[PDB]
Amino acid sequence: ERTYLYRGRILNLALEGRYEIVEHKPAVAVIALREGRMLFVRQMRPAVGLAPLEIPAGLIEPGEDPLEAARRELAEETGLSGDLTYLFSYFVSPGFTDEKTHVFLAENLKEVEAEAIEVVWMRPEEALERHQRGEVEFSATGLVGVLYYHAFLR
């Protein structure tokens, strides 16, 4: 039995007995490789005070399913379209939030549309090296993209 403390724009804060629970819209993220570069994006994220390396990601809006949201945010954030394949999903931090991320692969990318969101094409090997040297932070989606590449796309 959830009692609500806050109903907001992209989250609700609830108590469920002793548990603090943040309800959040589901998200999507897209892994895309071109000429050995992965498609990352960076934007200022006020929650962390910096711009981590992410892959294109967004929230699922009313009416959409994950595939449609993935197509939309790839086009909105990078101007690209591709052939999308569902990979897997994960709960970002299920000890306090229900946010679930659905991750897709994009292939055969084409420009459909010509630095709020900065597009950062970067070899995943270099992203991993920059992170190990302390030069860039990852979001979960960025790290999942780099690990998925090393596991399956070489």
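So that there is no doubt, residue numbering starts at 1 and follows the sequence shown.
A.B. asks: How about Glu68: is it missing in a third or more of the other compared entries?
C.D. replies: Across the other compared entries, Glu68 is absent from none.
A.B. asks: Within the set of other compared PDB entries, does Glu115 lack a model in a third or more?
C.D. replies: Other entries vs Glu115: at least a third skip it.
A.B. asks: Between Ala114 and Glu115, count the deposited residues left without coordinates and pick a bin: none, 1 to 3, 4 to 9, 10 or more.
C.D. replies: In the deposited sequence, 4 to 9 residues between these two have no coordinates.
A.B. asks: Which wins on mean Cα temperature factor, 5-13 or 139-147?
C.D. replies: Result: 5-13.
A.B. asks: Out of 99-107 and 44-52, which stretch has the higher average CA B-factor listed in the record?
C.D. replies: Stretch with the greater average CA B-factor: 44-52.
A.B. asks: Per the entry's values, where does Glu118 land by CA temperature factor relative to the rest of its chain, in the lowest, middle or highest third?
C.D. replies: According to the entry, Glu118 has a C-alpha B-factor in the chain's middle third.
A.B. asks: Please place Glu126 in the lowest, middle or highest third of its chain according to the CA B-factor in the PDB entry.
C.D. replies: It belongs to the highest third of the chain when residues are ordered by C-alpha B-factor.
A.B. asks: Using the B-factor values recorded in the entry, state whether the Cα atom of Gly58 falls in the lowest, middle or highest third among the modelled residues of its chain.
C.D. replies: According to the entry, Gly58 has a C-alpha B-factor in the chain's middle third.
A.B. asks: Sorting the chain's CA B-factors, does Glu68 end up in the lowest, middle or highest third?
C.D. replies: Its C-alpha B-factor belongs to the lowest third of this chain's values.
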